[PDB]
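Asks: Line order of the protein sequences matches chains A and B.
In this text, residue positions in the first sequence follow the deposited numbering: the first is 84, and each later residue adds one.
In this text, residue positions in the second sequence follow the deposited numbering: the first is 88, and each later residue adds one.
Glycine residues also receive a C-beta, built at the ideal position from the N, C-alpha and C atoms.
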Amino acid sequence: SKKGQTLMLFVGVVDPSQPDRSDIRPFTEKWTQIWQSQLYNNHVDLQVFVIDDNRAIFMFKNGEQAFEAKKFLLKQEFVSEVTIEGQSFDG
Amino acid sequence: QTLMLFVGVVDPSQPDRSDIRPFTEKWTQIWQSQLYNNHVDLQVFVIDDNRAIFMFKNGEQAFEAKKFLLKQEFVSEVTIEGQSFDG
Ligand SMILES: [Cl-]
Ligand SMILES: [Cl-]
Ligand SMILES: [Cl-]
Ligand SMILES: [Cl-]
């Protein structure tokens, strides 16, 4: 069982070597898994879903850690943006 | 185990358009409400202008919802995933 509401991140990826290119799925898959590993080693457990060729969702086991994860991701070269969202309605 | 559904939405009156956020927001709310009136509680996370995640913390209810959603005119696709953290 979890403590707290469910939060996730959306994480955009840009390859600076090809900056206007959105169809970079291999690169997004590579780097999101690396970031997941680095976050795991900082004691932040999350599940990754690659939902576009250049965008992924990180779902947290503990939503309290969403800000630590956003802060980490925004330090990474290939992260273009990061937003945090909770549930859309009231269910 | 918590289960979730990835739900794709299509507006047949705006065929081949993904920029249908108002329609997606309306219909995901309606489906959530209809399921709640039959005792299935879920949370919606809208993830694109035509896609949402429905999360079922009573996990088994996800298969009931999947059956309900796949027969909706405005649902293009529904896939089911389990919540799982490496460890
Ligand atoms: Cl590391
Ligand atoms: Cl994962
Ligand atoms: Cl944000
Ligand atoms: Cl909700």
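Considering only residues of the same chain and omitting the five flanking positions on each side of residue 147/B, which have a CB-CB separation below 8 Å?
Replies: Locating residue 147/B in the second sequence gives position 60, where the first residue counts as 1. For residue 147/B, where only same-chain residues beyond five positions count, the Cβ hits under 8 Å are 90.
Asks: In whole angstroms, give me the CA-to-CA distance for residue 149/B and residue 167/B.
Replies: As a position in the second sequence, residue 149/B is number 62, starting the count at 1. As a position in the second sequence, residue 167/B is number 80, starting the count at 1. C-alpha separation (whole angstroms): 8 Å.
Asks: Do residue 130/B and residue 87/A have their beta-carbon atoms positioned less than 8 Å apart in this structure?
Replies: Locating residue 87/A in the first sequence gives position 4, counting from the first residue. Locating residue 130/B in the second sequence gives position 43, counting from the first residue. The answer is no: Cβ separation not under 8 Å.
Asks: If distances are taken between C-alpha atoms only, which option among 159/A, 157/A, 116/A comes closest to residue 133/A?
Replies: Locating residue 133/A in the first sequence gives position 50, where the first residue counts as 1. Cα-wise, what sits closest to residue 133/A is 116/A.
Asks: Any residues whose CB sits closer than 6 Å to a heavy atom of ligand 4? List them in chain order?
Replies: The answer, residue by residue, is 170/A, 171/A, 172/A, 173/A, 174/A, 130/B, 131/B.
Asks: The beta strand (DSSP E) spanning residue 168/B covers which residue range?
Replies: Indexing the second sequence from 1 puts residue 168/B at position 81. Unbroken beta strand (DSSP E) run through residue 168/B: 162-169.
Asks: With residue 108/A as the anchor, note down where its beta strand (DSSP E) starts and where it stops.
Replies: In the first sequence, residue 108/A corresponds to position 25, counting from 1. Not the beta strand (DSSP E): residue 108/A falls in the alpha helix (DSSP H), residues 108-124.
Asks: Looking only at C-alpha atoms, which of 171/B, 99/B, 135/B, 161/B sits nearest to residue 118/B?
Replies: Translated into positions along the second sequence, residue 118/B becomes position 31. The option with the nearest alpha carbon to residue 118/B is 161/B.
Asks: Between which two residues does the beta strand (DSSP E) carrying residue 130/A extend?
Replies: For the purposes of this step, residue 130/A is taken as the residue at position 47 of the first sequence. That run of the beta strand (DSSP E) goes 129-135.
Asks: Taking 7 Å as the line, does the beta carbon of residue 137/A fall inside it for any heavy atom of ligand 1?
Replies: In the first sequence, residue 137/A corresponds to position 54, counting from 1. No, since every heavy atom of ligand 1 falls outside the 7 Å radius drawn around the Cβ of residue 137/A.
Asks: Does chain A have any CB closer than 8 Å to the CB of residue 163/B?
Replies: On the second sequence, position 76 is the one that residue 163/B refers to. Cβ-Cβ to chain A under 8 Å: no for residue 163/B.
Asks: Could you tell me which chain B residues have their CB closer than 7 Å to the CB of residue 174/A, listed as they occur along the chain?
Replies: Translated into the one-based positions of the first sequence, residue 174/A becomes position 91. The contacting residues are 119, 123, 128, 129, 130, 131.
Asks: Using a cut-off of 7 Å between C-beta atoms, extract the partners of residue 168/A located in chain B.
Replies: As a first step, residue 168/A must be located in the first sequence, where it is residue number 85. Chain B residues near residue 168/A: 132.
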